Amino acid sequence: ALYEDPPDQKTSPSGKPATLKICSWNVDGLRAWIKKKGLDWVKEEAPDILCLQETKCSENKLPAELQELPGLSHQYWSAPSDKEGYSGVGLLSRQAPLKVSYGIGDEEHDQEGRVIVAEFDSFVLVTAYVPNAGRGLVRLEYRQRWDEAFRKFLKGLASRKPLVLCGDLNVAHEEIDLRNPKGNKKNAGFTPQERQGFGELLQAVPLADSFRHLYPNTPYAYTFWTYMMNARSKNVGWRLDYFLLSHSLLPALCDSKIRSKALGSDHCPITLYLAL
DNA sequence: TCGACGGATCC
DNA sequence: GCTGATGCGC
DNA sequence: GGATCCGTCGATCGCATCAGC
Ligand SMILES: [Ca+2]
Ligand code: NA
Ligand code: NA
């Protein structure tokens with residue numbers, strides 16, 4: 001079945017207006033995504049912060065359009081240390097963060113340009129492109145190691161400031177989170193190990209899945225569709241991109257959106273509204 | 001993801 | 001700059 | 001022994017690299 005995201009709710013559970021709008025988008029080739037008019041869509045969405053994953057683009061090759069682009073003038077980029085055209089994330093913000101850092105503090109896990117940490121006044125924002133378990137589950141052993149390091153890192157951070165984690169977490173948590181649960185239990189993104197790691201993440205930090213917390217029984221809501229077999233036109237997809245929040249931020253939570261119609265990637269963008 | 005192969009196993 | 005091949009990805 | 005089923009097991013799309021010149 002096809003899916004229609006409900007309208008944006010812009011007041012908090014106590015009627016505070018939303019003050020912060022964060023958008024996150026796995027662009028799967030930043031240059032290609034810009035050629036497919038992604039920035040026009042971003043300009044219209046007008047986020048206060050924009051998080052991009054899988055940029056596949058070194059700092060040298062960042063297209064010129066990205067400077068001419070407030071109110072997202074404070075921009076930060078991370079690329080792998082020795083693997084061109086692979087992975088890569090970015091964070092663009094309207095206001096300058098207090099402090100920015102790259103990676104999680106673990107050399108094993110900080111070589112593929114996957115994590116940017118941006119600290120603001122009232123909270124910390126982490127954006128992440130989690131490593132794929134790979135075809136044939138080749139990288140599943142590595143994925144589990146990543147999962148534990150990432151959880152430990154995020155638990156530490158959240159013990160000091162309220163935390164927002166966004167990005168492509170490369171797992172569909174439960175069977176409502178993808179179209180074909182049956183046929184995918186041994187494929188990357190829906191192995192029992194990856195789903196379990198996501199569950200441990202929610203409990204050990206702790207964090208809440210913003211979208212599921214608000215729409216806990218809404219099926220067919222996905223953020224990814226493989227280019228093959230016209231999957232997107234059939235809405236045969238996966239929910240892989242999330243906003244996870246510290247529990248303390250749940251009374252700030254106004255809405256968590258899925259922008260199903262924005263094209264330019266094999267992921268659509270997601271949008272978080274917070275009253276801060 | 002999809003169809004195509006298999007190799008079962010029931011009616 | 002161009003062809004052709006390989007890496008990666010749910 | 002012809003028909004539905006059920007664990008594999010290959011060909012798709014898209015991006016960006018590399019090897020070579
Ligand atoms: Ca590969
Ligand atoms: Na019968
Ligand atoms: Na016979």
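Naming: A, B, ... by sequence-line order, numbering from 1 per chain. Worth knowing before you read on, the calculation uses all heavy atoms, side chains too, and leaves out hydrogens, waters and symmetry mates.
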Atom [atom1], compared across [N] and [M]: separation rounded to whole Å:
N	M	atom1	answer
D:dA11	C:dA5	P	16 Å
D:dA16	B:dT1	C1'	23 Å
B:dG7	D:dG10	P	15 Å
D:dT12	C:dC8	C1'	15 Å

Are the six-membered base rings of D:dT12 and D:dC13 less than 5.5 Å apart at their centres, with planes tilted under 30 degrees?
-> no
A:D48 side-chain N/O to A:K21 backbone N/O, donor-acceptor pair under 3.5 Å | yes
Main-chain N/O of A:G88 paired to A:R114 side chain as donor or acceptor, under 3.5 Å | no
Within the structure shown, what part of the strands sits under 4.0 Å from A:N230 by heavy-atom distance: base, sugar-phosphate, or nothing?
-> nothing
May I ask you to say what A:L30 touches in the nucleic acid, namely base, sugar-phosphate or nothing, with a heavy-atom cut-off under 4.0 Å?
-> sugar-phosphate
Distance, rounded to the nearest Å, where [X] contributes [atom1] and [N] contributes [atom2]:
X	N	atom1	atom2	value
A:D177	C:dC10	CG	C1'	14 Å
A:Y227	C:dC8	OH	P	18 Å
A:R139	C:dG7	CZ	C1'	12 Å
A:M228	D:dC15	CE	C1'	14 Å
A:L178	C:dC10	CG	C1'	9 Å
A:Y129	D:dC15	OH	P	15 Å
A:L169	C:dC10	CG	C1'	14 Å
A:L140	C:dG9	CG	P	13 Å

Which residues in residues 179-200 of chain A have at least one heavy atom lying under 4.0 Å from any atom of DNA chain D?
-> A:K186
Under 4.0 Å between a side-chain N/O of [X] and OP1 or OP2 of [N], yes or no?
X	N	value
A:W225	C:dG9	no
A:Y86	C:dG9	yes
A:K36	D:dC15	yes
A:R31	D:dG14	no
A:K56	C:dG7	no

Ignoring hydrogens and geometry beyond distance, is a side-chain donor-acceptor pair present between [X] and [Y] at under 3.5 Å?
X	Y	result
A:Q111	A:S81	yes
A:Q53	A:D168	no
A:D28	A:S265	no

Tell me the partner of B:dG3, counting only Watson-Crick (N1-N3 plus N6-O4 or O6-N4) or G-U wobble (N1-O2 and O6-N3) with both under 3.5 Å; none if nothing fits.
-> none
So what's [N] doing, north or south, if we go by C1'-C2'-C3'-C4' (plus is north, minus is south)?
N	value
B:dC5	north
C:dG4	south
D:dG7	north
D:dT4	south
D:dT12	north

Between A:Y102 and A:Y76, is the gap from one ring center to the other below 6.0 Å?
-> no
A:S246 side, atom OG; A:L163 side, atom CG - distance, nearest 0.5 Å | 4.5 Å
Listing for DNA chain D: consecutive Watson-Crick or G-U pair runs of at least 3, distance cutoff 3.5 Å, ranges ordered by first number, gives C:1-9 with D:13-21
Flag the pair A:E44 and A:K261 as a salt bridge only when some basic side-chain nitrogen lies within less than 4.0 angstrom of an acidic carboxylate oxygen.
-> no
Charged N to carboxylate O under 4.0 angstrom, A:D8 versus A:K10?
-> no
Count the heavy atoms of every other residue, nucleotide or ligand shown that sit under 6.0 Å from NZ of A:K185, and state whether that count exceeds 12.
-> yes
A:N132 and A:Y142: CA distance, side-chain angles, deciding distance, side chain to side chain contact (heavy atoms under 4.5 Å, CB included) verdict = CA-CA 9 Å; A:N132 199 257; A:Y142 173 68; over 6 Å; no
